[PDB]
Amino acid sequence: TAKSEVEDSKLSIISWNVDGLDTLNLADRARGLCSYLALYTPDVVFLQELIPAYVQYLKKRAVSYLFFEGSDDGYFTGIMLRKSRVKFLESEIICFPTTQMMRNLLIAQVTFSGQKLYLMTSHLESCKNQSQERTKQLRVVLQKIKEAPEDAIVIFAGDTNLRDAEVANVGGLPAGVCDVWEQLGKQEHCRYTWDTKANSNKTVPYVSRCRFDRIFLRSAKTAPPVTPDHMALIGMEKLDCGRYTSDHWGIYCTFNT
Amino acid sequence: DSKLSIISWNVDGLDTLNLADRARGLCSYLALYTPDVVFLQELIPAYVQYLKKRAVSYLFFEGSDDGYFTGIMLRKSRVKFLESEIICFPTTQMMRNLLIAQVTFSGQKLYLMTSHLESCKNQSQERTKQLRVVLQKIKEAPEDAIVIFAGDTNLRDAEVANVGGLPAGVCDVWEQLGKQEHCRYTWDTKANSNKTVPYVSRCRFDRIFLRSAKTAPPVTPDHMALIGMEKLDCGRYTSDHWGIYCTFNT
DNA sequence: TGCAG
Ligand SMILES: [Mg+2]
Ligand SMILES: [Mg+2]
Ligand code: NA
Ligand code: NA
């Protein structure tokens with residue numbers, strides 16, 4: 001098939017923890033997010049730390065998307081699906097029994113470019129000290145990826161809060177599942193998604209750089225595998241209010257679907 | 001000595017075993033450290049009756065008149081009192097509140113605050129609401145005041161993060177001083193045997209938040225230590241919490 | 001008034 005039919009069949013996603021818990025300039029920052037969505041027109045958006053006012057705003061502005069949320073109050077995750085590109089089939093939420101932070105796993109099954117996709121997001125248990133709970137949640141996520149319908153491509157994207165050796169400590173990713181940043185070459189340029197030296201939204205006594213935001217991919221077991229195409233960190237511009245959209249950078253990523 | 005000093009301590013007044021001896025222990029610490037300000041939580045009337053009898057160098061403010069409550073003690077020779085107030089927590093189920101005393105310390109205004117935020121792991125909702133109030137008050141305190149909040153926050157991992165973090169200009173003293181491991185945990189069931197429990201739990205419930213005045217150069221914490229981790233004659237610790245001693249460069 | 005690594 002020709003170049004343009006191929007470029008049109010490519011899936012695009014954005015994953016972003018929007019820091020809805022930071023009340024400062026929140027309306028301006030939601031406007032910022034919307035400007036990025038208009039720029040990148042992603043097929044799927046995976047969001048974390050939404051709060052009701054924020055998602056209400058998005059639903060009023062981003063009317064070309066269908067919305068699903070991980071909760072109706074507090075703070076929660078969301079999946080947005082571009083209606084002209086992605087056909088919604090069904091959704092569900094899987095609970096994390098031992099979370100103290102209302103965390104869970106939000107799943108949407110869809111059709112895209114003639115293929116079934118299983119789209120997942122979570123905001124895994126926060127803070128270094130919560131390595132144990134986070135790890136448990138990671139296991140659930142990975143199990144759900146392994147077990148997804150054999151004919152589906154699985155894409156999890158979210159704020160994993162994972163740090164050094166936590167994945168290695170569960171034996172690494174299972175066969176058939178890759179971390180997209182790893183698969184694209186472990187590039188330093190687009191590695192850290194939370195960087196308190198570079199991002200001035202929070203004042204912090206000690207700076208750190210972490211790769212909290214991650215994308216895991218599993219191809220269909222019954223079809224040829226798909227590769228990621230390209231990834232970039234986004235949101236590294238300040239808004240008119242003099243702050244960034246979030247204390248995280250977003251990930252923009254395409255796949256050769 | 002130009003350095004301001006404070007002690008903050010949840011005295012566990014709800015534990016009545018050896019309470020008199022334990023209040024004596026606390027008084028021994030006050031006599032040694034002679035802090036300018038003492039922030040206390042979980043006082044009960046008997047306990048405070050004792051302290052007021054003994055610590056005559058201090059002016060007392062109490063957060064309630066019965067049940068259990070907080071207190072602020074001011075060293076009369078070092079601190080001049082201006083005014084006090086209590087901010088209520090409308091949805092507390094445990095009579096928690098925010099006790100505030102405004103004072104001057106060699107001419108510099110201090111806005112002193114204490115609270116015992118809603119207790120128990122599962123009360124994170126109410127606790128976080130209360131934390132919001134506290135932080136907002138710290139934010140709104142008079143520009144010419146140094147603000148010191150010290151108290152039993154009952155705070156967990158991410159509860160501060162899940163509120164948006166501390167506001168600009170406001171620091172956690174333990175963090176500011178380098179997250180030193182030896183003055184980290186203030187409630188430690190392994191190291192403290194006052195509570196009979198089977199499990200090990202180690203938490204940083206007791207915290208100090210600091211904001212400078214704009215009318216003066218930034219205040220930095222200088223030295224912090226945990227106190228009370230030695231048994232009294234009665235064979236028990238002063239409290240199930242360790243106390244915090246802290247000095248400031250003003 | 002149930003950790004952290
Ligand atoms: Mg956050
Ligand atoms: Mg207690
Ligand atoms: Na490609
Ligand atoms: Na000192």
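Below, all heavy atoms of this structure are taken into account, side chains as well, without hydrogens, waters or symmetry copies. In what follows, chains carry the letters A, B, and so on, assigned in the order in which the sequence lines appear, proteins first and then strands, with residues in each chain numbered from 1.
- Residues A:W249 and A:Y192 keep their aromatic ring centres 6.0 Å or farther apart.
- Backbone-only contact: B:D152 has heavy atoms under 4.0 Å from sugar-phosphate atoms and none from a base.
- The residue A:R134 sits apart from the nucleic acid: no heavy atom pair falls under 4.0 Å.
- Listed for the A:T193 side chain is a donor-acceptor partner under 3.5 Å among the backbone atoms of A:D213.
- Applying the side chain to side chain contact (heavy atoms under 4.5 Å, CB included) criterion to A:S15, with sequence neighbours excluded, gives A:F46, A:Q48, A:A157.
- Note that CG of B:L17 and CZ of B:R236 are 4.0 Å apart. Values are rounded to the nearest 0.5 Å.
- In this structure, B:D15 reaches neither bases nor backbone, as no heavy-atom distance under 4.0 Å exists between it and the strands shown.
- With a cutoff of under 4.0 Å to any heavy atom of chain B, the contacted region of DNA chain C is bounded 5' to 3' by C:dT1 to C:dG5.
- Checked by atom type, the side-chain pair B:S239/B:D12 shows no donor-acceptor distance below 3.5 Å.
- At a threshold of 4.5 Å between non-hydrogen side-chain atoms, the residues B:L155 and B:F205 do not count as touching.
- Counting only distance, with no hydrogens or angles, the side chain of B:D188 and the backbone of B:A191 share a donor-acceptor pair below 3.5 Å.
- Heavy-atom nearest nucleotides on DNA chain C were determined for B:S119 and for B:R184, and the one closer to the 5' end corresponds to B:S119.
- Judged by distance alone, the side chains of B:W187 and B:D240 do bring a donor and an acceptor atom under 3.5 Å apart.
- Listed by residue number, the members of residues 189-197 of chain B with any heavy atom below 4.0 angstrom from DNA chain C are B:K195.
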